[PDB]
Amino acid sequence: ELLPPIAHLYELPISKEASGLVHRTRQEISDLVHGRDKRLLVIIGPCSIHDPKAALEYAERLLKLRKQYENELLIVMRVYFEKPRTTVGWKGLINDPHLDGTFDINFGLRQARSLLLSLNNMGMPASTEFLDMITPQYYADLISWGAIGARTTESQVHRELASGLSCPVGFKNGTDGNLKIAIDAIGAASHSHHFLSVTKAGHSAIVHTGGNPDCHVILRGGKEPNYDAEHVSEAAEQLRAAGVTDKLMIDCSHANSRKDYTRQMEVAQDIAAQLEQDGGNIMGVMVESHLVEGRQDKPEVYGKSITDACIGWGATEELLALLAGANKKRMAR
């Protein structure tokens, strides 16, 4: 029997501190999306959260780099709770918290909220992919930035959802490299919509959204990678042609790394080079990172991904120093 959002909000109300961090971080990101600040947003963390203990440890380490680079980078943790599978598979912590096919969703949602509250309370803002239609009411108030995945960008119900989120939202290009669907998606999500959704009390209702002003595109690769300068420039021209923001984000992972975690660094280096030469259209990057590098099918090793392979903590330090140094130069112009 599903507990409604209000049950979880009662046990874990948002705090003054978390509320302020979310509010502030959303604004700060808005400023990047609309070209009012030239810091580089960095969405970085695990492909998926499967352990909260490890995620809290990861956050603790990342928090120090968030503070150290705060003049060059705006660091936000990937705290992904919902995973889109190619066919079937584990859909994430909310759907299957115990990782055993028991689908204890009430526990999952509790655990997700708790972790998010803790993260915000320690000073680390959170980001996630919004995949399910009904789960967001549980934890959305604790999210500073949202992704709509490559597999759902073209979907109208996801564009509808985005249109009503209070956080900035990144739409990824399609799994074969279609960028126009993400540009279309900003157009869609920036408008007001009417559709069916569920309330904080667990009942279905008609909602009227005001539109999300702060959407942007994410280059995640397709058949071929789309990260490089030619690709960014091409994208920016298409964005301007559609009358939407020409500031975009580049995913170092996934189709841009050809599903090879050791290539995220190459992509980061290419981005760094663009930031040095010009790179005026770049406002963010995305990196799949964890305590320990690689991936594993069963959750045997602590702080190691059970979804997409991540770079480890050492490589993570390198990468952030690389980007911070490069962006400091861009901001000096």
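Note that residue numbering begins at 1 and tracks the sequence as displayed.
When the C-alpha B-factors of 322-330 and 1-9 are averaged, 322-330 comes out higher.
Relative to one another, 230-238 and 213-221 have unequal mean CA B-factors, and 230-238 is the one with the higher figure. Residue-level temperature factors show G174 in the lowest third of its chain, judged at the C-alpha atom.
Split the chain's modelled residues into thirds by C-alpha temperature factor. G187 is in the middle one. Per the deposited record, the Cα B-factor of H194 falls in the lowest third when ranked against the other modelled residues of its chain. Among the modelled residues of the chain, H254 sits in the middle third by CA temperature factor in this PDB entry.
Among the modelled residues of its chain, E82 has a C-alpha B-factor that falls in the middle third, as given in the PDB entry.
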